[PDB]
Amino acid sequence: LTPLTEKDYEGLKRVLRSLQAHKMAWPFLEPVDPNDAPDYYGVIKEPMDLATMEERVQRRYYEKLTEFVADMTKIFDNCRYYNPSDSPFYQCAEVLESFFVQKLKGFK
Ligand SMILES: CN(C)CCCn1ccc2cc(-c3nc(S(C)(=O)=O)nc4[nH]ccc34)ccc21
């Protein structure tokens with residue numbers, strides 16, 4: 001996908017902030033605390049979270065949209081692999097990803 005422009009980055013900031021503000025997003029705001037998730041970091045080999053993505057956005061880490069979508073998608077894949085499908089954490093990923101899709105389409 002095409003190189004991110006400066007205006008692109010403003011839209012990414014906006015998408016990121018919308019996700020950070022969502023009621024269901026609290027489990028993903030910061031790196032998982034291993035006290036809150038037993039053996040999380042033995043299970044999950046590529047952790048990701050919204051504070052880590054915000055750092056990357058601020059530093060202009062992303063060069064194409066697909067890299068941004070990749071990190072976001074890691075957040076939901078991680079949660080759904082680590083937790084069972086009836087968990088409330090799993091549902092939090094269901095809700096937030098569909099919101100991300102809605103916002104991503106708006107971004108393009
Ligand atoms: C520091 N702590 C002592 C107080 C803060 C409370 N708190 C803040 C975020 C958060 C996330 C989980 C969690 N997150 C996920 S995740 C990212 O995969 O959706 N899966 C899980 N399974 C079981 C638990 C759990 C649990 C508690 C949490």
# chains A, B, ... in the order shown; residues from 1 in each chain; ligands from 1

call {"tool": "closest_atom_pairs", "arguments": {"of": "chain A", "to": "ligand 1", "cutoff": "9 Å", "atoms": "only C-alpha atoms and all ligand atoms", "output": "CSV"}}
result
residue,atom,partner,partner_atom_place_in_ligand_line,distance
A:25,CA,ligand 1,19 (O),9.0
A:26,CA,ligand 1,9 (C),5.9
A:27,CA,ligand 1,9 (C),4.0
A:28,CA,ligand 1,17 (C),5.0
A:29,CA,ligand 1,9 (C),7.2
A:30,CA,ligand 1,9 (C),7.0
A:31,CA,ligand 1,17 (C),7.5
A:32,CA,ligand 1,17 (C),5.6
A:33,CA,ligand 1,1 (C),5.4
A:34,CA,ligand 1,1 (C),8.2
A:35,CA,ligand 1,3 (C),6.1
A:36,CA,ligand 1,26 (C),4.6
A:37,CA,ligand 1,24 (C),4.7
A:38,CA,ligand 1,23 (C),7.5
A:40,CA,ligand 1,18 (O),8.2
A:47,CA,ligand 1,17 (C),8.8
A:48,CA,ligand 1,17 (C),8.5
A:49,CA,ligand 1,17 (C),7.6
A:75,CA,ligand 1,17 (C),7.2
A:76,CA,ligand 1,19 (O),7.7
A:77,CA,ligand 1,18 (O),8.7
A:78,CA,ligand 1,18 (O),6.0
A:79,CA,ligand 1,18 (O),3.4
A:80,CA,ligand 1,18 (O),6.8
A:81,CA,ligand 1,18 (O),8.0
A:82,CA,ligand 1,18 (O),6.0
A:83,CA,ligand 1,22 (N),5.9
A:84,CA,ligand 1,22 (N),8.9
A:87,CA,ligand 1,22 (N),7.8
A:88,CA,ligand 1,19 (O),8.3
A:89,CA,ligand 1,19 (O),4.6
A:90,CA,ligand 1,19 (O),6.3
A:91,CA,ligand 1,19 (O),8.8
A:92,CA,ligand 1,19 (O),7.0
A:93,CA,ligand 1,19 (O),6.8

call {"tool": "residues_around", "arguments": {"residues": "residue A:66", "least_positions_apart": "3", "cutoff": "8 Å", "atoms": "only C-alpha atoms", "output": "PyMOL selection string"}}
result
chain A and resi 1+69-70

call {"tool": "write_last_selection", "arguments": {"atoms": "N, CA, C and O atoms", "output": "compact mmCIF listing (two decimals), in the first residue's frame"}}
result
# COMPACT_ATOMS: atom_id res chain seq x y z
N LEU A 1 0.85 -1.18 0.00
CA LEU A 1 0.00 0.00 0.00
C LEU A 1 0.89 1.24 0.00
O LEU A 1 2.08 1.15 0.29
N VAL A 69 -2.33 -1.34 10.22
CA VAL A 69 -3.37 -2.37 10.35
C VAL A 69 -2.79 -3.65 10.94
O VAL A 69 -3.45 -4.32 11.75
N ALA A 70 -1.56 -3.99 10.56
CA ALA A 70 -0.90 -5.17 11.11
C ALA A 70 -0.78 -5.11 12.63
O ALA A 70 -1.13 -6.06 13.33

call {"tool": "closest_residue", "arguments": {"among": "A:39, A:55, A:86, A:97", "to": "residue A:72", "atoms": "only C-alpha atoms"}}
result
A:97

call {"tool": "atom_distance", "arguments": {"atom1": "atom CA of residue A:22", "atom2": "atom CA of residue A:71"}}
result
17.8 Å

call {"tool": "atom_distance", "arguments": {"atom1": "atom CA of residue A:67", "atom2": "atom CA of residue A:105"}}
result
15.7 Å

call {"tool": "atom_distance", "arguments": {"atom1": "atom CA of residue A:96", "atom2": "atom CA of residue A:24"}}
result
6.5 Å

call {"tool": "closest_residue", "arguments": {"among": "A:46, A:11, A:21, A:4", "to": "residue A:73", "atoms": "only C-alpha atoms"}}
result
A:46

call {"tool": "select_by_dssp", "arguments": {"residues": "chain A", "states": "helix (DSSP H, G or I)", "output": "ChimeraX atom specification"}}
result
/A:6-21,23-28,34-36,40-43,50-58,65-82,88-107

call {"tool": "closest_residue", "arguments": {"among": "A:8, A:2, A:18, A:44", "to": "residue A:102", "atoms": "only C-alpha atoms"}}
result
A:18
